[PDB]
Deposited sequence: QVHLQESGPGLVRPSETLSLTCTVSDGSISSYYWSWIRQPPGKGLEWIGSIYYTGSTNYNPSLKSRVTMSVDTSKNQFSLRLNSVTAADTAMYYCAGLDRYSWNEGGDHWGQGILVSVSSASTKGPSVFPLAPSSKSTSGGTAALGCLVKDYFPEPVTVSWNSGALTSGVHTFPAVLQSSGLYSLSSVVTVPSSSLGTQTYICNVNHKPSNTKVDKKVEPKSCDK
């Protein structure tokens, strides 16, 4: 009847410290290698790190610079603090007790997991670059790369909403730097490359930014 429980603010501010504790009920603080894991929404599982009740610490090198894990032997808990949080740290965090040496029947034991999101009140304008056709002479494709903007909703039009058929706006990615980038590509007949001009209209209202890019070969 072993049980792990996570606890902490499910919502947090950037450049603050992300705090999480895990209480262990029906288990010895010495019986496991107490670890923190996270999965960002969409991406895979990332082992944050592992701490032992004596103080033996082991940090993922990708996060070592800003992770500090602790253990409270009296309250039977163990904690995790993560400095310099960005939107890229919005993830589902879980405590587990990892069995380092296969010495326990029943294997590793896990908590229930909690989705911690970091809310930032800042903005950043997008950098817009054109994705040129490089003529293929047979329905070519040309686009707009919207890169490195923080607040999520941007809207992309083509020729101010005239060009509709063939518009495909791939969803934004969340880079490790905490900024978003997406691409909007259109498929146009090769004969129209030299005659018809194409301009994409990127609108990012949170930063009060509007950009129009003429995409020409």
* **Gaps in the model (deposited sequence, numbered from 1)** => 139-141, 221-225
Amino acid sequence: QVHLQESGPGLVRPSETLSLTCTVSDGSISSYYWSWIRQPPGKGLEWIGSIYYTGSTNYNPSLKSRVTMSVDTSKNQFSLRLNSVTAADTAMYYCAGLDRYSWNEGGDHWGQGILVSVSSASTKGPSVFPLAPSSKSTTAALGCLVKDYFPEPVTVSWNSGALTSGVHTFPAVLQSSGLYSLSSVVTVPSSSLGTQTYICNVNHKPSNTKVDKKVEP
From here on, numbers count along this sequence of modelled residues.
* Asked: Mean CA B-factor: is it higher for 185-193 or for 47-55?
  -> 185-193
* To do: May I ask you to compare 84-92 and 102-110 by their mean CA B factor in the entry and name the higher one?
  => 102-110
* Which of these has the highest Cα B-factor in the record: 60, 160, 164, 39? -> 164
* What's the residue among 18, 11, 202, 24 with the greatest CA temperature factor in the PDB record? -> 24
* Modelled-residue ranking by C-alpha temperature factor, third containing residue 117 -> lowest
* Compared with the other modelled residues in the chain, in which third is the CA B-factor of residue 145? -> lowest
* residue 133 - which third its CA temperature factor falls in, relative to the rest of the chain -> highest
* Structure fact -> Of the three thirds of Cα B-factor ranks in this chain, residue 215 occupies the middle
* Hey, what third does residue 177 fall into on Cα B-factor, ranked over its chain? -> lowest
